[PDB]
Amino acid sequence: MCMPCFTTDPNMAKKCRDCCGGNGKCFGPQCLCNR
């Protein structure tokens, strides 16, 4: 993964993007990168 994902916060999804250097993809409890 890139890091974790939590569908609680409106700005977590943005934070999962920032983990992948701007361009991530959240897949349930995990945040994964576009790589």
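From the backbone N, Cα and C atoms, a Cβ is placed for every residue, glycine too.
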*Could you tell me which of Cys5, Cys33 is bonded to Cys20 by a disulfide, according to Swiss-Prot?*
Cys33
*asked:* Of the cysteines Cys5, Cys19, which is paired with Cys26 in the disulfide recorded by Swiss-Prot?
replied: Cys5
*Entries of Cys2, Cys5, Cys26, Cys33, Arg35 which, being recorded positions, have CA atoms within 10 angstroms of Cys16 (disulfide bond)*: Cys2, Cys5, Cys26, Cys33
_Run through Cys31, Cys33, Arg35 for me and report the recorded positions whose CA is within 10 Å of the CA of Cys19 (disulfide bond), in sequence order._
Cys31, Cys33
*Any idea which of the disulfide-bonded residues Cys16, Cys26, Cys33 has the thinnest Cβ neighbourhood at 10 Å?*
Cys33
